[PDB]
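What follows is the residue order along each chain.
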Amino acid sequence: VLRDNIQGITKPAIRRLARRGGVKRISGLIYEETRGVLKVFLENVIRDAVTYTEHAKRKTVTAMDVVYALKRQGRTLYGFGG
Amino acid sequence: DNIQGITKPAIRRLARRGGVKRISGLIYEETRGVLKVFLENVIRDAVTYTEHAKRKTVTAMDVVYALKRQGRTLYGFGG
Amino acid sequence: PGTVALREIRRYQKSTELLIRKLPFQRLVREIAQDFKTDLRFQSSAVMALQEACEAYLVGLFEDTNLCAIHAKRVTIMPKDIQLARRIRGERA
Amino acid sequence: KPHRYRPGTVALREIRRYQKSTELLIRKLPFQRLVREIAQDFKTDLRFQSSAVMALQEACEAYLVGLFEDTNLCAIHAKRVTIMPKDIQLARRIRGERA
Amino acid sequence: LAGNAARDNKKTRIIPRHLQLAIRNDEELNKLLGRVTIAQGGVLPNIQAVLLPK
DNA sequence: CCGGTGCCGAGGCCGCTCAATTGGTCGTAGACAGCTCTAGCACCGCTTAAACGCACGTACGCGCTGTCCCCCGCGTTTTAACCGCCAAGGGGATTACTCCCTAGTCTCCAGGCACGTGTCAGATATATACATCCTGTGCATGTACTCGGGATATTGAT
């Protein structure tokens, strides 16, 4: 079926993440909203990660690119290079 | 003792700029704490910058540099 | 009821794995990156780092959302809490 | 007999009056004395530039205004109009200062 | 934008208030200058909907 | 008529009986220690050369230091809309079950682009003579703050 992959983030996955966050009850309107938030985040990292791939005249996005993209947004990641 | 120099009407005015209608009467004593703490960090840097230049006067650029290192940038004072 | 949920709460706060299935996340990342430029190739470590960072972000978001919900004398979290958390943190308005 | 205003309209009057002007609120001398005593508590025999202390004053006022705006959002979230310290603690924690 | 704001204020000289208005009203400039504070520039007038009287 | 007393009903004690929890043992397999060059290569030793870093006076303003006056803070009063507590209706998120399905494993295949080296040439550091654009200083004047008085709202109490 022709379905958008944002719905590939299943409801049990969101429940698992919430339970790791420490929440007892989950309303039914979170499920569509959280995906939207998850979109926005990926719209502010991949966009940067592609630009570095532009500046190196490369065609494959490497882990260093995403680490640098996350570094400039005050969200530094450890253990994936750099 | 000078933290009491931040009178109650001054706190009311600062609250009124923020857009709040009613102020509790015990807010001030806690709010004076925040003014007490947020100000104890920039000075930590402001004197320290001053102490690097072998000088003992706090110029207007040291506070700008401190606020920049902390993440709050201000304009109009030689930034 | 109300105690099997706390069982999960305690279980997941100890284990440290990826709570999102890898293939749908890969498809999502590829589709999101398609618009910027067509015909891209992805390092596997890049995808893993993306998923790790996103999961950490979501966990922090839900922590703040739970604090917001507790503030209003509730136990259930609603979008009214997520919007407030995002607004006061600084990603919107 | 004297005309009395309802409790709350003077509040919005002050809101509108203060949200238009851009003068310094805290009296200059108490703020200067406070920063001087704090500095002496750290390092004695210090000299301050007037522009420096007025920049500290403006930074503090901007911080307080933002904090009170966040506090107002927190208070409205709890179906209230009066601000209590729990709102400030919640805002300060979500922003990521206190905790 | 600062000059447009100053004209809307019916004055021919730009002061920090006009710069603050121009930055805050425009979404992109506000996003760029999110973490900066304009000296003696104040804040935009804003009242929450629930705080209006009846 | 009222009261002693048997019969029955309920509350209190104690104890298993059984079903759910959690640390201990078995076991095997991919991955932390650990040479082994190697390899060439950064790091160290050993020289000088130049400049910036440092200290001494010394000129010169920008912070501390002393005196009058009201404007804002303090302190009181009453009173009222709001906070906090309580209670009931009902919807919906929870919990558990069966059924479907795509994640996960691994296997096989293969062509695209990361990645390094080798070549060479033009874009860029650098020195010197030229010169003009920006900057401190000085000064006219006008846009804007302030004071005063008359419009138009803008709320509260009958």
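Residues numbered from 1 in each chain as written, not as in the entry; some residues may be left out. Chains lettered and ligands numbered in written order. Part of a larger assembly, values for the part shown. Heavy atoms only, no water. Residues with missing side-chain atoms left out of burial classes, pairs and counts.

Going by the header, the method for this PDB entry is cryo-EM, and the resolution given is 3.2 Å.

**Some words on the environment of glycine 76 of chain B**
On the secondary structure map, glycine 76 of chain B appears in the segment after β3 (73-75). Once the C-alpha coordinates of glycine 76 of chain B and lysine 36 of chain B are considered, the two residues, 40 residues apart in sequence, prove to be 25 Å apart. (Helix = DSSP H or I, 4+ residues; strand = E, 2+ residues; numbered from the N terminus.)

**A short note on the protein's contact with DNA strand F**
Close contacts around DNA strand F come from 39 residues, with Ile26 and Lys59 of chain A, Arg13 of chain B, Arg27 of chain C together with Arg36 of chain D the closest. Close to the protein, within 4 Å, the atoms of DNA strand F belong to sugar or phosphate groups at a rate of 100%. At 3.0 Å, a backbone N or O of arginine 6 of chain D approaches a phosphate oxygen of DNA strand F. If you list the elements that add at least two residues to the surface near DNA strand F, you get β1 (25-26) of chain A, α1 (8-18) of chain B, α2 (22-34) of chain C together with β1 (47-48) of chain D. Looking at which element gives the most residues to the surface near DNA strand F, the answer is α2 of chain C, with four residues. (Near = heavy atom within 4 Å. Polar contact = N/O pair within 3.5 Å; in protein donor to acceptor, adjacent residues only side chain to side chain.)

**Considerations on the arrangement of the chains**
When the five pairs of chains in contact are ranked by number of contacts, first place goes to chains A and C. The closest approach of any C-alpha atom in chain B to one in chain C is 13 Å; the two make no contact. If you take every C-alpha in chain C and every C-alpha in chain E, the smallest gap between them is 9 Å, and the two do not touch. (Contact = heavy atoms within 4.5 Å.)

**With respect to the packing of aromatic side chains**
Within the structure shown, the criterion is met by four aromatic pairs over all chains. Between the aromatic rings of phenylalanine 41 of chain A and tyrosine 57 of chain C, the centroid separation amounts to 4.6 Å while the plane-to-plane angle is 20 degrees, which identifies the pairing as stacked. Highlighted residues: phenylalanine 41 of chain A in helix α2 (residues 30-42) and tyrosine 57 of chain C in helix α3 (residues 44-71), drawn from two different chains. Judged by its relative accessible area of 10%, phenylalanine 41 of chain A is buried. Between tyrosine 52 of chain A and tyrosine 68 of chain A the ring centres are 6.4 Å apart and the planes differ by 25 degrees, which places this aromatic pair in the stacked class. Here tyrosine 68 of chain A lies in helix α4 (residues 63-72) and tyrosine 52 of chain A lies in helix α3 (residues 46-55), a separation of 16 residues in the sequence. Positioned above the aromatic ring of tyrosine 5 of chain D, the side-chain terminus of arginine 13 of chain D is 5.1 Å from the ring centre. (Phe/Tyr/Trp six-rings, centres within 6.5 Å; stacked < 30°, edge-to-face > 60°. Buried < 20%, exposed > 50% of the residue type's maximum accessible area, 1.4 Å probe, protein only. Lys NZ or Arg CZ within 6 Å of the ring centre and 35° of its normal.)

**A closer look at the packing of helix α1 (residues 11-21) of chain A against helix α1 (residues 4-12) of chain C**
Where α1 of chain A contacts α1 of chain C, the axes come no closer than 8 Å and their chain directions differ by 75 degrees. With respect to α1 of chain C, the element α1 of chain A is oriented roughly perpendicular. Contacts between α1 of chain A and α1 of chain C involve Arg15, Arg16, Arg19 and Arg20 of chain A from the first element and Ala5, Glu8, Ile9 and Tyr12 of chain C from the second. Tallied by class, the residues present in the contact of α1 of chain A with α1 of chain C amount to three nonpolar, no polar and five charged. (Axes fitted to C-alpha atoms, helices over the stretch in contact; angles between N-to-C directions. Parallel < 35°, antiparallel > 145°, perpendicular 65-115°, else oblique. Nonpolar A, V, L, I, M, F, W, Y, C, P; charged D, E, K, R; others polar.)

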